[PDB]
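Shown next as structure tokens: one chain only, the form deposited in one PDB entry.
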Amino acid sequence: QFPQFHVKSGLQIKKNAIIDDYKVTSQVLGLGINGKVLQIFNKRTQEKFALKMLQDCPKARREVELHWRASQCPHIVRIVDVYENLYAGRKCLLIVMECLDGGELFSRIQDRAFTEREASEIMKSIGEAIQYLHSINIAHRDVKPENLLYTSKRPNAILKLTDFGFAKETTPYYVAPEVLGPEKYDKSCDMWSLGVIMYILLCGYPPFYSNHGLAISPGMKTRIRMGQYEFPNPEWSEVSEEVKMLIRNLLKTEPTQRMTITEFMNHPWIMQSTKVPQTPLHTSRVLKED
């Protein structure tokens, strides 16, 4: 009767030199928050892995723990191992992650087209990682299209959230939430992120941009602060008011007016992602022309 299935192992950090277990190529996959990401190979099995190198420090020890916990969710890059070694005198955390060769979320989309129930299905996988994190009290804080990478190039590869460099811990049957724990509004901007991704998923471009030719709120910063965006044509022509209202409620300037991740998940559009109009979008096209 016991929720054994909720019991997961903690993270044992290895001290042995990572070079005993992997070949660490000098090739960079990219620069994550607070560390580079090289490609490494498993000396015993020859499989390919990603490696983030962090310099050991309090923020560093926060990222590993947070990311370790989040890893239990299938939509977040798996951690294979964490090493605490000595790089050139300095102490650092070496995070071994599973390989994601599927490419960015939008690269896949760009290479093709994309319907709206498709976009819904995608928006729901992302929401799944986000939902898991907020339920264990973690705000990712750097959710952006570019941190969502596909596992393989297969048609059924799964999308996974990466980079926990800005992640943050957020902390009677009739007690109100505000009394069981303060908790500011750091979750809240993960939701804003969801907003921007969804928008781009339906038309190929972002809602906020640079436009000095404007009269009011030239600056993109200003347009965001104000909350100045819209659903022009034809991109949004056949997109449902239902969808647009959902973006309206994720992209609200006032953190607290913003929709929570449970509301998001229970929304009909994400929930009934198999009754949603398979209406065509200009995403793929728009994306290619940039």
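Rigid core here is just the name for the largest C-alpha set that superposes within 1.5 Å across the two forms. So that there is no doubt, residue numbering starts at 1 and follows the sequence shown.
Keep in mind the form deposited in another entry is missing from the figure; the text below concerns it.
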query	finding
Sole member of 265, 31, 245, 57 with a C-alpha shift of at least 2 Å between this form and the one not shown (core-superposed)	31
Large Cα shift (2 Å or above) at residue 180 between this form and the one not shown, core-fitted	yes
Rigid core superposed: residue 40 CA moves 2 Å or more between this form and the one not shown	yes
In the other entry, whether the C-alpha atoms of residue 180 and residue 252 sit closer or farther than here (change of 3 Å or more)	closer
Sense of CA distance change between residue 130 and residue 33 in the other entry, threshold 3 Å	farther
